[PDB]
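Student: Residue numbers (PDB author numbering), protein chains in the order written: chain R, 325 to 356; chain U, 325 to 356; chain H, 325 to 356; chain Y, 325 to 356.
In this text, a Cβ means the ideal position worked out from N, Cα and C, and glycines have one as well.
Below is one structure. I have some questions about it.
Number of protein chains: 4
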Amino acid sequence: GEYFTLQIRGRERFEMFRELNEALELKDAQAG
Amino acid sequence: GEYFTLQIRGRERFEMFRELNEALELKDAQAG
Amino acid sequence: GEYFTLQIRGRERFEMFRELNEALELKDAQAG
Amino acid sequence: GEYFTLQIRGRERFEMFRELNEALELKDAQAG
């Protein structure tokens, strides 16, 4: 639904969360 | 180090990532 | 590559990690 | 409560999940 932003400290941590978020979005995309 | 922002879709997902991020920050805080 | 097991406490936390792991695996599956 | 195990593929992914799980457990430990 709505969008939220999360501030993250550190490039490695950011990359980790970005990867996780993209994977969840790819998974969601499979049903619509 | 530097801060990054990540846009997340959905309140439940946002809450999940927020929880994870806070936990990592609490863990980091234990050595400084 | 190799497989590792992680013991998790709590059904809700387990479900969260399972979801994340499945999403990453779905993402990986897209290139092979 | 109860414990569950999750099979994970890849050492780097395993380490990432282990880190996340330990952080959540550290966070929980702060209220009991």
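At the 7 Å Cβ level, is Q354 (chain Y) part of the contact set with chain H, yes or no?
Tutor: Numbered from its first residue, the fourth sequence carries residue 354 (chain Y) at position 30. Chain H contact via Cβ: absent.
Student: Would you mind working out which of U:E349, U:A355 and U:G356 sits nearest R337 (chain R), comparing C-alpha positions?
Tutor: Taking the first residue of the first sequence as 1, we reach residue 337 (chain R) at position 13. For the residues U:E349, U:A355 and U:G356, the minimum Cα distance to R337 (chain R) belongs to U:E349.
Student: Is there at least one Cβ from chain U nearer than 7 Å to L330 (chain Y)'s Cβ?
Tutor: Your numbering for residue 330 (chain Y) matches position 6 in the fourth sequence. Using beta-carbon distances, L330 (chain Y) does not count as an interface residue toward chain U, since no partner is under 7 Å.
Student: When we look at the beta-carbon of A347 (chain U) and count the other beta-carbons within 10 Å, is it buried (16 or more) or exposed?
Tutor: Looking up residue 347 (chain U) in the second sequence gives position 23. Classification of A347 (chain U): buried, given that the 10 Å Cβ count is 16 or more.
Student: Can you give me the C-alpha to C-alpha distance between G325 (chain H) and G325 (chain Y), rounded to a whole angstrom?
Tutor: If you number the third sequence from 1, residue 325 (chain H) lands on position 1. If you number the fourth sequence from 1, residue 325 (chain Y) lands on position 1. Looking at the two C-alpha atoms, the distance is approximately 31 Å.
Student: Throw me the rounded Cβ distance for the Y327 (chain R) and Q331 (chain U) pair, which I believe falls under 8 Å.
Tutor: Residue 327 (chain R) sits at position 3 when you count from the first residue of the first sequence. Residue 331 (chain U) sits at position 7 when you count from the first residue of the second sequence. Yes, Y327 (chain R) and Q331 (chain U) are in contact; Cβ-Cβ is about 5 Å, under 8 Å.
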